[PDB]
file target19.tsv (TSV, C-alpha atoms)
chain	number	residue	atom	x	y	z
X	1	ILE	CA	132.76	92.11	106.77
X	2	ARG	CA	132.62	94.18	109.98
X	3	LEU	CA	134.63	97.11	108.62
X	4	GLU	CA	133.82	100.62	109.91
X	5	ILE	CA	136.62	103.18	109.74
X	6	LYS	CA	136.73	106.35	111.87
X	7	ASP	CA	139.46	108.07	109.80
X	8	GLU	CA	136.79	109.80	107.59
X	9	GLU	CA	139.05	109.76	104.52
X	10	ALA	CA	139.05	105.99	103.99
X	11	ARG	CA	135.29	106.08	104.46
X	12	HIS	CA	134.07	105.29	100.94
X	13	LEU	CA	135.51	101.77	101.32
X	14	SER	CA	133.97	101.09	104.73
X	15	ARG	CA	131.65	98.10	104.88
X	16	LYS	CA	129.43	98.47	107.97
X	17	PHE	CA	127.21	101.52	108.39
X	18	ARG	CA	124.74	103.05	110.84
X	19	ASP	CA	121.49	104.23	109.27
X	20	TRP	CA	119.35	105.37	112.20
X	21	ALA	CA	119.54	104.86	115.94
X	22	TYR	CA	116.05	105.47	117.33
X	23	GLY	CA	116.78	104.44	120.91
X	24	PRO	CA	116.72	100.67	121.42
X	25	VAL	CA	116.61	99.86	117.69
X	26	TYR	CA	119.82	100.14	115.69
X	27	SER	CA	119.77	100.06	111.88
X	28	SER	CA	123.02	98.58	110.63
X	29	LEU	CA	123.84	98.39	106.94
X	30	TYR	CA	126.03	95.82	105.17
X	31	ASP	CA	127.16	96.17	101.56
X	32	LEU	CA	126.46	93.36	99.11
X	33	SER	CA	129.47	94.42	97.05
X	34	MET	CA	130.89	90.97	96.32
X	35	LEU	CA	128.49	88.74	98.27
X	36	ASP	CA	125.82	88.39	95.56
X	37	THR	CA	127.53	89.18	92.25
X	38	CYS	CA	124.59	89.56	89.89
X	39	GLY	CA	126.32	90.27	86.59
X	40	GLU	CA	129.95	89.63	87.56
X	41	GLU	CA	132.36	86.72	87.30
X	42	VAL	CA	132.32	84.89	90.64
X	43	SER	CA	131.03	85.65	94.14
X	44	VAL	CA	132.11	85.28	97.75
X	45	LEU	CA	129.10	83.10	98.54
X	46	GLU	CA	129.78	80.77	95.61
X	47	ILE	CA	133.27	79.97	96.91
X	48	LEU	CA	131.75	79.36	100.36
X	49	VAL	CA	129.67	76.57	98.82
X	50	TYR	CA	131.17	75.32	95.54
X	51	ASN	CA	134.94	75.63	96.05
X	52	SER	CA	135.98	75.64	99.72
X	53	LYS	CA	136.71	72.17	101.09
X	54	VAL	CA	137.67	73.39	104.57
X	55	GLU	CA	135.86	72.08	107.66
X	56	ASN	CA	135.31	75.67	108.90
X	57	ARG	CA	132.67	76.39	106.20
X	58	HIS	CA	129.90	75.47	108.66
X	59	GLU	CA	131.09	78.17	111.05
X	60	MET	CA	131.93	80.52	108.18
X	61	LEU	CA	128.34	80.57	106.93
X	62	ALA	CA	127.28	81.54	110.48
X	63	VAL	CA	128.66	85.08	110.09
X	64	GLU	CA	126.25	88.00	110.41
X	65	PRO	CA	125.02	89.08	106.91
X	66	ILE	CA	125.03	85.68	105.21
X	67	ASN	CA	122.64	84.21	107.80
X	68	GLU	CA	120.17	86.86	106.64
X	69	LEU	CA	121.32	87.03	103.01
X	70	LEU	CA	120.44	83.38	102.46
X	71	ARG	CA	117.02	83.97	104.04
X	72	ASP	CA	116.41	86.75	101.50
X	73	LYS	CA	116.56	84.62	98.36
X	74	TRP	CA	114.98	81.64	100.11
X	75	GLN	CA	111.78	83.61	100.74
X	76	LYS	CA	111.68	84.82	97.14
X	77	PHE	CA	112.73	81.64	95.32
X	78	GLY	CA	111.88	78.76	97.67
X	79	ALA	CA	108.09	78.77	97.42
X	80	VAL	CA	108.22	79.39	93.66
X	81	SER	CA	110.73	76.68	92.73
X	82	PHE	CA	108.99	74.10	94.92
X	83	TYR	CA	105.60	74.68	93.27
X	84	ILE	CA	107.12	74.20	89.82
P	1	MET	CA	118.56	134.09	102.58
P	2	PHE	CA	114.85	134.55	101.88
P	3	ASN	CA	113.93	131.01	100.74
P	4	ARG	CA	113.15	127.80	102.60
P	5	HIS	CA	116.14	125.74	101.46
P	6	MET	CA	118.60	128.14	103.09
P	7	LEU	CA	116.59	128.01	106.32
P	8	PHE	CA	116.25	124.22	106.54
P	9	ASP	CA	120.04	123.92	106.14
P	10	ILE	CA	121.35	126.49	108.65
P	11	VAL	CA	119.16	125.03	111.42
P	12	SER	CA	121.04	121.76	110.87
P	13	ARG	CA	124.26	123.81	110.73
P	14	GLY	CA	123.29	125.39	114.05
P	15	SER	CA	124.52	128.95	113.48
P	16	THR	CA	122.14	131.53	114.96
P	17	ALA	CA	124.22	134.40	113.55
P	18	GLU	CA	123.26	133.19	110.06
P	19	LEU	CA	119.57	133.44	111.06
P	20	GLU	CA	119.53	137.13	112.03
P	21	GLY	CA	116.99	139.61	110.70
P	22	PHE	CA	114.42	136.94	109.81
P	23	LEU	CA	111.98	137.96	112.54
P	24	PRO	CA	111.16	141.37	110.96
P	25	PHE	CA	111.57	139.68	107.57
P	26	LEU	CA	108.34	137.88	108.47
P	27	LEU	CA	106.97	141.27	109.51
P	28	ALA	CA	107.57	142.46	105.94
P	29	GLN	CA	106.21	139.54	103.89
P	30	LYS	CA	103.44	138.70	106.47
P	31	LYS	CA	104.37	135.00	106.52
P	32	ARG	CA	103.82	132.56	109.37
P	33	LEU	CA	106.37	129.91	110.30
P	34	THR	CA	104.05	127.01	109.38
P	35	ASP	CA	101.88	128.72	106.78
P	36	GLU	CA	102.37	126.66	103.62
P	37	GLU	CA	106.01	126.44	102.60
P	38	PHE	CA	108.25	126.42	105.69
P	39	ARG	CA	107.20	122.83	106.31
P	40	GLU	CA	107.82	119.71	104.25
P	41	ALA	CA	105.07	119.10	101.72
P	42	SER	CA	105.69	115.34	101.79
P	43	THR	CA	105.94	114.74	105.54
P	44	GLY	CA	105.14	117.89	107.48
P	45	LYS	CA	108.62	118.21	108.99
P	46	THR	CA	109.03	121.75	110.31
P	47	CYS	CA	112.03	123.83	111.38
P	48	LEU	CA	111.72	122.87	115.05
P	49	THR	CA	111.44	119.18	114.16
P	50	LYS	CA	114.52	119.55	111.96
P	51	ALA	CA	116.27	121.29	114.87
P	52	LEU	CA	115.83	118.27	117.14
P	53	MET	CA	117.07	115.78	114.53
P	54	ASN	CA	120.51	117.29	113.90
P	55	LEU	CA	122.05	118.23	117.25
P	56	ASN	CA	125.38	119.71	118.33
P	57	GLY	CA	126.09	117.59	121.39
P	58	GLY	CA	122.36	117.55	122.04
P	59	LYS	CA	122.27	121.37	122.02
P	60	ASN	CA	120.97	123.75	119.36
P	61	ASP	CA	120.47	127.42	120.20
P	62	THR	CA	117.90	127.85	117.41
P	63	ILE	CA	115.41	125.84	119.48
P	64	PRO	CA	114.45	128.71	121.84
P	65	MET	CA	114.84	131.07	118.88
P	66	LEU	CA	112.35	129.23	116.65
P	67	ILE	CA	109.92	129.44	119.57
P	68	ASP	CA	110.80	133.14	119.92
P	69	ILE	CA	109.97	133.86	116.27
P	70	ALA	CA	106.76	131.83	116.61
P	71	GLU	CA	105.79	133.88	119.69
P	72	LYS	CA	105.75	137.14	117.74
P	73	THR	CA	103.60	135.60	115.01
P	74	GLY	CA	101.39	133.95	117.63
P	75	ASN	CA	101.73	130.22	116.95
P	76	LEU	CA	103.09	128.84	120.24
P	77	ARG	CA	100.31	126.24	120.42
P	78	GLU	CA	100.70	125.60	116.67
P	79	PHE	CA	104.42	125.70	115.82
P	80	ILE	CA	105.11	123.31	118.69
P	81	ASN	CA	101.95	121.21	118.31
P	82	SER	CA	102.13	120.58	114.55
P	83	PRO	CA	102.35	116.80	114.03
P	84	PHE	CA	103.56	115.03	110.92
P	85	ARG	CA	101.19	115.12	107.95
P	86	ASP	CA	102.50	111.96	106.27
P	87	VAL	CA	101.32	108.35	106.61
P	88	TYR	CA	104.43	106.35	107.53
P	89	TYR	CA	105.67	108.66	110.32
P	90	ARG	CA	102.16	109.96	111.01
P	91	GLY	CA	101.43	111.87	114.20
P	92	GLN	CA	105.01	112.29	115.42
P	93	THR	CA	105.66	115.72	116.92
P	94	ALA	CA	108.72	117.55	118.20
P	95	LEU	CA	107.81	116.35	121.70
P	96	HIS	CA	108.33	112.76	120.54
P	97	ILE	CA	111.75	113.61	119.09
P	98	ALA	CA	113.12	115.48	122.11
P	99	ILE	CA	112.15	112.62	124.44
P	100	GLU	CA	113.78	110.25	121.94
P	101	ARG	CA	117.24	111.82	121.91
P	102	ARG	CA	117.14	112.44	125.70
P	103	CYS	CA	117.29	116.24	125.62
P	104	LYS	CA	115.95	116.74	129.15
P	105	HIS	CA	116.71	120.47	129.00
P	106	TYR	CA	114.64	120.79	125.82
P	107	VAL	CA	111.73	118.65	127.07
P	108	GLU	CA	111.18	121.26	129.79
P	109	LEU	CA	111.26	124.06	127.19
P	110	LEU	CA	108.46	122.63	125.04
P	111	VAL	CA	105.77	122.20	127.69
P	112	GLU	CA	106.37	125.57	129.38
P	113	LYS	CA	105.84	127.33	126.06
P	114	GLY	CA	102.79	125.14	125.46
P	115	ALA	CA	102.95	121.58	124.17
P	116	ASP	CA	100.24	118.98	123.64
P	117	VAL	CA	101.06	116.08	125.96
P	118	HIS	CA	98.48	113.72	124.42
P	119	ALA	CA	99.76	113.82	120.82
P	120	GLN	CA	99.60	110.32	119.33
P	121	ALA	CA	102.32	109.13	116.95
P	122	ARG	CA	99.96	106.72	115.21
P	123	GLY	CA	102.01	106.20	112.06
P	124	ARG	CA	102.65	102.92	110.29
P	125	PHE	CA	106.26	103.01	111.49
P	126	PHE	CA	105.10	103.16	115.12
P	127	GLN	CA	103.14	99.90	114.76
P	128	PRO	CA	104.24	96.51	116.12
P	129	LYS	CA	106.21	94.13	113.94
P	130	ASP	CA	103.17	92.09	112.90
P	131	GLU	CA	101.47	95.24	111.58
P	132	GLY	CA	104.50	96.43	109.60
P	133	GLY	CA	106.22	98.84	112.00
P	134	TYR	CA	109.62	98.54	113.61
P	135	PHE	CA	109.02	99.89	117.13
P	136	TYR	CA	105.89	100.12	119.28
P	137	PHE	CA	105.39	102.19	122.40
P	138	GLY	CA	101.65	102.87	122.66
P	139	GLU	CA	101.74	106.26	120.87
P	140	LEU	CA	102.17	108.30	124.03
P	141	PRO	CA	105.06	110.53	125.17
P	142	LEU	CA	104.60	109.38	128.77
P	143	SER	CA	104.82	105.80	127.52
P	144	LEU	CA	107.70	106.76	125.22
P	145	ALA	CA	109.82	108.04	128.12
P	146	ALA	CA	109.24	104.77	129.95
P	147	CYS	CA	110.28	102.83	126.85
P	148	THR	CA	113.49	104.84	126.45
P	149	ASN	CA	114.74	103.71	129.91
P	150	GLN	CA	114.49	107.30	131.18
P	151	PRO	CA	112.52	107.95	134.38
P	152	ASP	CA	113.72	111.56	134.45
P	153	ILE	CA	111.15	112.70	131.88
P	154	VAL	CA	108.67	110.43	133.68
P	155	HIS	CA	109.17	112.48	136.83
P	156	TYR	CA	108.83	115.67	134.78
P	157	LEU	CA	105.65	114.70	132.92
call {"tool": "encode", "arguments": {"input": "target19.tsv", "output": "structure tokens"}}
result
Amino acid sequence: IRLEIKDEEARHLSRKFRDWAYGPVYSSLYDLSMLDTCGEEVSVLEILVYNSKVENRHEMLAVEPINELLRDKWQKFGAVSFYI
Amino acid sequence: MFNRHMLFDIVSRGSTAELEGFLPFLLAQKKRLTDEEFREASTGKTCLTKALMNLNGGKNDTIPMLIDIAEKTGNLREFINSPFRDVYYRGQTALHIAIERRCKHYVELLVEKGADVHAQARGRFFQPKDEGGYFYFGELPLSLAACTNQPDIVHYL
């Protein structure tokens, strides 16, 4: 997930990016390549919840993008699905 | 070349030998550096503002040269003091950018040629997080240099 390669030829497969660095504020950039598979077979996040029976899944959800990726779709779908 | 797209590139390239002969080229076609077209129609980003974005180790030799070309046309208080014309990055000048990337040599160059100290970067980006912006500093270059952990510009201002 934290993959940023300096070799500049294996760059198109790098995962972490740096958008803009205006002093104190850094703008990182994570790819949702396999995290939220919209029209694909099966996702990373689905195996984190539906398939993995390992104890470490509580720590494994506490990685950097997924703590904010789950807050994305909660803010868009939580208030709507509750009111229905 | 003679167009704007060649000129906005080579400044980011930072090759002053590829910018030769443009000063009497403006003598021929009577054009100012910030007349209508050598400035972004969406934002207002000029050649000097583009020069401070892309840097070569924090050094671009076009920066005294763009002031030199502006001196012959007579826009030293205009080519330096032209803020952004957009809404999101509204009011940001080249003085805000040079303080931002800690070019202490180039901060001294702007004011000596004539720079507005009290230019306010009052854009929607420069608002606090409750208002929709990402970074707040009180819209002032003196306050900006204090927010960038740099007292060296603070002594200079």
call {"tool": "residues_around", "arguments": {"input": "target19.tsv", "residues": "residue P:70", "least_positions_apart": "5", "cutoff": "10 Å", "atoms": "all atoms listed in the file", "output": "list in words"}}
result
residues 23, 32, 33, 34, 64, 65, 75, 76, 77, 78, 79 and 80 of chain P
call {"tool": "interface_residues", "arguments": {"input": "target19.tsv", "of": "chain P", "to": "chain X", "cutoff": "9 Å", "atoms": "only C-alpha atoms", "output": "MDAnalysis selection string"}}
result
chainID P and resid 100:101 134:135 147:148
call {"tool": "residues_around", "arguments": {"input": "target19.tsv", "residues": "residue P:132", "least_positions_apart": "5", "cutoff": "12 Å", "atoms": "all atoms listed in the file", "output": "ChimeraX atom specification"}}
result
/P:88,123-127
call {"tool": "residues_near_point", "arguments": {"input": "target19.tsv", "point": "(117.4, 136.3, 107.9)", "cutoff": "12 Å", "atoms": "all atoms listed in the file", "output": "PyMOL selection string"}}
result
chain P and resi 1-4+6-7+10-11+15-28+69
call {"tool": "closest_residue", "arguments": {"input": "target19.tsv", "among": "X:70, X:1, X:63, X:84", "to": "residue X:34", "atoms": "only C-alpha atoms"}}
result
X:1
call {"tool": "atom_distance", "arguments": {"input": "target19.tsv", "atom1": "atom CA of residue P:86", "atom2": "atom CA of residue P:42"}}
result
6.5 Å
call {"tool": "atom_distance", "arguments": {"input": "target19.tsv", "atom1": "atom CA of residue P:84", "atom2": "atom CA of residue P:44"}}
result
4.7 Å
call {"tool": "residues_around", "arguments": {"input": "target19.tsv", "residues": "residue P:150", "least_positions_apart": "4", "cutoff": "10 Å", "atoms": "all atoms listed in the file", "output": "ChimeraX atom specification"}}
result
/P:99-100,102,104,144-146,154-155
call {"tool": "closest_residue", "arguments": {"input": "target19.tsv", "among": "P:9, P:108, P:103, P:119", "to": "residue P:57", "atoms": "all atoms listed in the file"}}
result
P:103
call {"tool": "atom_distance", "arguments": {"input": "target19.tsv", "atom1": "atom CA of residue P:120", "atom2": "atom CA of residue P:82"}}
result
11.6 Å
call {"tool": "axis_aligned_box", "arguments": {"input": "target19.tsv", "around": "stretch 69-76 of chain P", "padding_each_side": "8 Å", "output": "AutoDock Vina command-line options"}}
result
--center_x 105.7 --center_y 133.0 --center_z 117.6 --size_x 24.6 --size_y 24.3 --size_z 21.2
call {"tool": "closest_residue", "arguments": {"input": "target19.tsv", "among": "P:56, P:73, P:92, P:81", "to": "residue P:116", "atoms": "only C-alpha atoms"}}
result
P:81
call {"tool": "residues_around", "arguments": {"input": "target19.tsv", "residues": "residue P:53", "least_positions_apart": "6", "cutoff": "9 Å", "atoms": "all atoms listed in the file", "output": "list in words"}}
result
residues 12, 97, 98 and 101 of chain P
call {"tool": "residues_around", "arguments": {"input": "target19.tsv", "residues": "residue P:83", "least_positions_apart": "5", "cutoff": "10 Å", "atoms": "all atoms listed in the file", "output": "list in words"}}
result
residues 43, 44, 45, 46, 49, 78, 89, 90, 91, 92, 93, 94, 95, 96, 119, 120 and 121 of chain P
call {"tool": "residues_near_point", "arguments": {"input": "target19.tsv", "point": "(125.3, 89.5, 103.9)", "cutoff": "9 Å", "atoms": "all atoms listed in the file", "output": "MDAnalysis selection string"}}
result
chainID X and resid 1 30:32 35:36 63:70
call {"tool": "closest_residue", "arguments": {"input": "target19.tsv", "among": "P:110, P:131, P:52, P:122", "to": "residue P:14", "atoms": "only C-alpha atoms"}}
result
P:52
